[PDB]
Amino acid sequence: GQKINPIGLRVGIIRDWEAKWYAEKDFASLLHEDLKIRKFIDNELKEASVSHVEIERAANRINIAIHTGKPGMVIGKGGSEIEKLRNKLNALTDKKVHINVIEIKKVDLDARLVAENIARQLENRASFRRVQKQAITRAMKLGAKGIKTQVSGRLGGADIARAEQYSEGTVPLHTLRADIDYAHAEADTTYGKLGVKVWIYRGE
Amino acid sequence: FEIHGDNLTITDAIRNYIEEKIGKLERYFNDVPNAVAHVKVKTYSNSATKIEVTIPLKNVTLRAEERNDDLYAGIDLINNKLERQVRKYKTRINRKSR
Amino acid sequence: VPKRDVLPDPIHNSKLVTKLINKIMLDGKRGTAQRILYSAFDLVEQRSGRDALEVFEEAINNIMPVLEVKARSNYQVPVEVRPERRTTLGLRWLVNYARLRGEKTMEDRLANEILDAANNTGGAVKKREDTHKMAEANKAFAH
RNA sequence: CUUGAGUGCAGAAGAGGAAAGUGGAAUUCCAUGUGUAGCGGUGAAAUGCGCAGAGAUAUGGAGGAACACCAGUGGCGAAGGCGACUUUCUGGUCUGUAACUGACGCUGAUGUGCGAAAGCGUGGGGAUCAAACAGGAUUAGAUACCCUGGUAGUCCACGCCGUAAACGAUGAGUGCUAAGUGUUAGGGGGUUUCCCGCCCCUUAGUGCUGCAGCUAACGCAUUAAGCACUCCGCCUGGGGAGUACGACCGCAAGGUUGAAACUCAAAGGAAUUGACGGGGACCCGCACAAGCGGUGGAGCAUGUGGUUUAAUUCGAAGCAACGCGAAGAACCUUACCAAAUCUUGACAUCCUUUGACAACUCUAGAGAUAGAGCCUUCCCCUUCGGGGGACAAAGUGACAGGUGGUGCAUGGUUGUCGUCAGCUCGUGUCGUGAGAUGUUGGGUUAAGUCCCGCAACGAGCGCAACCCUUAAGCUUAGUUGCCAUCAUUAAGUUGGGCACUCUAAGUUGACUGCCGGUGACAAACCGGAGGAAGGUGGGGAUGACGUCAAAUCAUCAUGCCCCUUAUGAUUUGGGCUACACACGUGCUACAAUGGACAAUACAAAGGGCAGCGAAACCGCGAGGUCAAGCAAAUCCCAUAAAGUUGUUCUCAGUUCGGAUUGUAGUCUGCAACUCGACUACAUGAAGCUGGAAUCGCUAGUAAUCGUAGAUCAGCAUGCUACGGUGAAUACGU
């Protein structure tokens, strides 16, 4: 207890690793190599709003494939950006890359996308709850079996910490076959820090 | 009791006052295994004078607290609580037949 | 809830030796307990030499009670014993008095105790007595 | 005039009253007899009584009280109150009749009389009981509860007082307004061969349940708190206060009548939700119990407090701080202190000036660092320049940075009750309303587990389940693993075989599933068969809504405030560990179940790249030399201890004991003094099982003996993981 995102409890069974390469004891080099990429993507977060990326590392190459809802953005018209991204990356990775975007389907159903979404409408001076109303509204729309959506901090730019969540759709959480995509976000304007903890259930 | 003071330096004046008071409970019964005192300045910023006290008893114990303007008012107000929180207990009174 | 039986004694084909080595078996060390007990079956079967069961069975029918007591306001009731508890407590004061001779040997204190106890003497025949002086003294107000 | 009221006529019942008069039991006492040693009372005792003969037993006597069963949600009374019986006097009530009067009635200020218990007076009597009171006991204390006794009084008459929760918390009378069911005094009709049996109707009273109606709601509802009428009395926020002054009554006690000053913004009633109970009904739990083993007693360690200090850094503490943060304080770490120090700074980006970015020494310095010598020296592109990865020192102002503060400005993260069995909602109903329903009643499970019944129905989170490990088998595959047939080596060493064990992935398997019984047949539960495993096999993970303004600004981030030649940053040393002491936690001794010594058998897990360092060699050993092998089913680490076999010691403060201090050494580190561990020699402290009090544990458990791993230059009485050995108890709640 008290609670943990089930992903830690679900992984090793029902999902891939979030980053991958061959299994040798040079991990301090290679893990902290991966992280140098994981940082840089935040520049694209402001431009891409991707969910995540899992890297493979072929025997002398690297493969990453970015889970975005903004393909033509990141592809550009004819790849005017991806290639200087190869070289500005390869400049820092000290080793090459073969990026290949893996566009998001279904499409804007995901947790992370919606997570920073509502965080940003909130950051633009919004009564918080209605954002979650339209969120869940388009959520059951797109076809989903279980949701809730939580928020913390100094809501409405006012006095001491609070919380709220709107639960709808039956959400199997204490199960072990749920295959659900937990998320998190962080964004304030002037008063503290107001993250969120969205939940979903789609398939098993 | 670890008569510790958060953001207030326990003088001998304060120790004398405290222990002096609990001496009065030798009415019942002392029997002194231990006793503690938590005191703190928690800014509101009207800002306190918090008192939380703990009494371990025979086969049981009784915690006691309270807030007030200053330390001496907090020790006097928290008094007359950890007495009635203690009194009564027993007797209890015999049977069975049959 | 059952009491986790011991099968036979593998020494003379009794049983309660096994129940008894385990009561000498301190620290989980069996071999030293088994050692000193069977040694005591050498000593007591030597002195006034005889079978194991004469001194043993007799002595543990000289101390092995029939009535005990329990409390319940507080009124101590005399009670009939379940024979496992009977034998249990007999052996309890057996070893738990065996140390209490205050002597040197592994076995003399034992063989002194069971020899003495076959003769209706010592603190184990005693605790049978005093126990049965709590029984039938306390028949009145709790039976 | 009679239908109101009343008298009559005939009936009926009645603890209705006042005075008087008898009767019996029962207590207390007394006399007498019997007869010995306790009685009596208590939660447990004592106070008390008892050899002068108690109490008990028995006969008799005394006298005062109250009058058992009947007795009833029964009656009578205007109200208080009225219960042995009989007598004298007397009032009152209900029924039916009605011929008489002929509206004579209802209410009723003032006024007047009745009136519980307590009490006052004149007297009398005085058994029990018991204020006051005396005493014991209890209690931290007890004037009190409790026990022992005992006065007033309780009792009679006569007088007085004139109150009460004097309550149906409901003013008197008249009349209408659904039912049904009882009990009491009557009356009338029918039936019955005779009603005694029974049925029907009616009056009066009396209770119970319930429409309408009323009601704030509780609830009343033909004995209205309904519907209307007549008369009386009473209320105007609470407190102050039914109090003061005044007046009347009273022997007095006190009563009757009855204000304000000032004060408060509330006081209050009915009901709902939640909590609480020194309440109940039920259930589970090392909570009890039954056992075993420990702390607290000695020495050591560790954290904290407390002490100290130039500094002895910050926080964390009831369970849920105190072997925690910090899973390694000689420097580093370190936050703290001294000094030597710098300021766009330790370091980061931007703009400007350049550049491949500086190695080896010398001088001083304690280093930091400077003074220099010195070699960093446009490497990709360049058409002549430039662009550029990366640079120098300087300027550049933003800035940098803050272990400066605020965990009550926060996010994030986490303990907690609790792995308890509960926790909500959509729809609908109910109800003025909050709110309830579902989630309740019966069974049942470990559980909101299921089933039944039910203005409830459905859904959610939660439990189980799903997953990991473990117990059995089948298959798949055979090396570094195994040797079954073998031959063979010191040795599974070699040949060979994967058969066996082993080895990692999919199989089958346990699901009340099969049966028998019990059971509202259902839910289920008890039993039995097999099965490796029967009742969610064992454990692991997962910890609902939520409480603790729980914890953390010092993980990280961050709202706000503050600083900025310092509240920042650099260096050498100190310190974070001092000790009269205390708290917690652990470790080691207090011994023959044993200590000293010799020989010998058995594991699991896991580390290893320049790390694991095999053998050999040196040495009293710590260690030192050498070097085979090996990124591991291999080689090495690494050898298990307890134990088994013996010898001795033979109950000493001992060969217990193992702190203390010194001496001489090994490893690491530039450096073992404040402040590393270990080896050899000596020295041998306290301490004989720990007092009151107090802690854990239900089976491979406890208890005990070992092993490895991280944290790492060095370093764990700690933590994590692994195994070896290995019991007692569990009635019942």
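Any read-out appearing in this document is the output of simple, stated calculations on the displayed coordinates, not a laboratory observation. For neighbour counting, all protein chains shown are included, and Cβ atoms are generated from backbone atoms with ideal geometry for every residue, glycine included.
Cα-based count: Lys pairs in segment C:1-121 below 18 Å, eight or more positions apart or different chains?
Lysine pairs satisfying the spacing and distance rule in segment C:1-121 number 5.
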Task: Angle in degrees between helix A:128-142 and the longest Cα principal axis of chain A, rounded to the nearest 10 - done: 70
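Under the rule of -39500 (n - 2.57) per DSSP H run of 4 or more residues, summed and divided by the residues of chain C, what mean residue ellipticity at 222 nm is obtained, to the nearest 500 deg cm²/dmol? All intermediate terms of the calculation are to be shown ahead of the outcome.
Details: 6 runs with 73 residues, N = 143.
My calculation for chain C gives -16000 deg cm²/dmol from helical runs alone.
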Task: Cβ-based charge dipole, the protein assembly as shown, positive-most Cα from A:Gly156, B:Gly23, C:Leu100 - done: A:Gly156
Open item on the list: What's the ranking of A:142-150, A:121-129 by average number of surrounding C-beta atoms within 10 Å, highest first?
Closed with: A:142-150, A:121-129
- [ ] Return the average number of partner chain Cβ atoms within 10 angstrom of each residue Cβ along peptide C:46-56.
- [x] 0
TODO: Please report, largest first and rounded to whole Å, the three semi-axes of the ellipsoid equivalent to segment A:106-203, where each semi-axis is the square root of five times an eigenvalue of the C-alpha gyration tensor.
DONE: 24, 14, 11
Open item on the list: Can you compute 3J(HN,Hα) from phi for each residue in segment A:182-187, using the Karplus curve 6.51 cos²θ - 1.76 cosθ + 1.60 with θ = phi - 60°, rounded to whole Hz and x for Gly and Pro?
Closed with: 6, 8, 6, 7, 8, 5
Open item on the list: What is the distance in Å between the Cα centroid of segment A:60-123 and that of segment A:1-21?
Closed with: 23
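Counting DSSP beta bridges with both partners in the protein assembly as shown, what percentage is antiparallel, nearest 5? Don't jump to the answer; show the numbers that get you there.
Numbers: 31 of 36 bridges.
Rounded to the nearest five, the antiparallel share is 85 percent.
Let me know the shape class of segment C:1-69, please: from the alpha-carbon gyration tensor, a ≥ b ≥ c as square roots of the eigenvalues, rounded when a/c is under 1.5, otherwise prolate if a/b is greater than b/c, or oblate. Walk me through the intermediate numbers first.
On the way: a/c = 1.78, a/b = 1.10, b/c = 1.63.
Oblate.
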- [ ] Rounded to the nearest Å, what's the spacing between the alpha carbon centres of segment C:80-122 and segment B:3-36? Just the number, please.
- [x] 53
Task: Under Karplus coefficients 6.51, -1.76 and 1.60, residue-wise ³J(HN,Hα) of segment A:87-95 in Hz, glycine/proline x - done: 7, 5, 6, 3, 3, 9, 5, 6, 4
Open item on the list: Could you give each residue of segment B:2-16 its phi-based ³J(HN,Hα) in whole Hz, using Karplus coefficients 6.51, -1.76, 1.60 with θ = phi - 60°, and x for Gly or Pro?
Closed with: 6, 3, 9, x, 7, 6, 8, 8, 4, 8, 5, 4, 6, 4, 3
- [ ] For chain A, find the longest principal axis of its Cα atoms and tell me its angle to the long axis of helix A:111-123, 0 to 90°, nearest 10.
- [x] 60
Open item on the list: Between C:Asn22 and C:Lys139, what is the label-point separation in nm under the 7 Å Cα-to-beta-carbon projection?
Closed with: 3.6
TODO: Give the order of A:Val114, C:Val81 when sorted by the count of other beta carbons within 10 angstrom, beginning with the fewest.
DONE: C:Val81, A:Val114
- [ ] Tell me which residues come under 5 Å, amide H to amide H, from B:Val36 once H is placed; ignore anything under 5 positions away on its chain.
- [x] B:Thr54
Task: Long-range HN-HN contacts of A:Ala185 with modeled amide H, under 5 Å - done: A:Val196
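Taking neighbour counts of Cβ atoms within 10 Å as a proxy for exposure, in what order, fewest first, do C:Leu100, A:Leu30, B:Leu71 appear?
Working: C:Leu100 12, A:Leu30 15, B:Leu71 20.
Neighbour counts put them in this order, fewest first: C:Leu100, A:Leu30, B:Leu71.
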Open item on the list: As an exercise, use a Förster radius of 41 Å and the Cβ-Cβ distance of A:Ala59 and A:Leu142 to find the FRET efficiency, rounded to the nearest 0.05.
Closed with: 0.55
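Pop the C-beta distance of B:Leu57 and A:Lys77 into the FRET formula with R0 = 60 Å and round what comes out to the nearest 0.05. Each step should come with its number before you reach the end.
Details: r = 81 Å, r/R0 = 1.34.
The value I calculate is 0.15.
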Open item on the list: If the reach is capped at under 29 angstrom between alpha carbons, list the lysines near A:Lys36, excluding any in the same chain fewer than eight residues apart.
Closed with: A:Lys20, A:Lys25, A:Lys46, A:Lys70, A:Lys77, A:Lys84, A:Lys88, A:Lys95, A:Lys96, A:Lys105, A:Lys193, A:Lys197
- [ ] Starting with the highest mean, order A:44-56, C:4-16 by the number of other Cβ atoms within 10 Å, averaged over the residues of each peptide.
- [x] A:44-56, C:4-16
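From the Cα gyration tensor of chain B, with a ≥ b ≥ c the square roots of its eigenvalues, which class applies: rounded if a/c is under 1.5, or else prolate if a/b is larger than b/c, or else oblate?
Numbers: a/c = 2.89, a/b = 2.21, b/c = 1.31.
The shape class here is prolate.
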TODO: Evaluate chain A: find the radius of gyration of its Cα atoms, find its Kirkwood radius, and give the ratio Rg to Rh.
DONE: 0.99
- [ ] Find the Rg to Rh ratio for the protein assembly as shown, where Rh is the Kirkwood radius over alpha-carbon pairs and Rg uses the same atoms.
- [x] 1.23
TODO: With a ≥ b ≥ c taken as the square roots of the eigenvalues of the C-alpha gyration tensor of segment A:44-146, please select rounded if a/c is under 1.5 and otherwise prolate if a/b is larger than b/c or oblate if it is not?
DONE: prolate
- [ ] Could you pull out every residue, at least 5 positions away or on a different chain, whose amide H is within less than 5 Å of the one on A:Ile66? Hs are placed 1.01 Å off N in the peptide plane, and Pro or chain starts have none.
- [x] A:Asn100, A:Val101, A:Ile102
- [ ] Would you mind computing the Rg to Rh ratio of chain C from its alpha-carbon coordinates, Kirkwood style for Rh?
- [x] 1.01
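If you place +1 on the Cβ of every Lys and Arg, -1 on the Cβ of every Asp and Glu, and leave all else neutral, what size is the dipole of the protein assembly as shown about its Cα centre, to the nearest 20 Debye?
Values: 80 positive and 61 negative charges, 299 e Å.
Magnitude of the dipole: close to 1440 debye.
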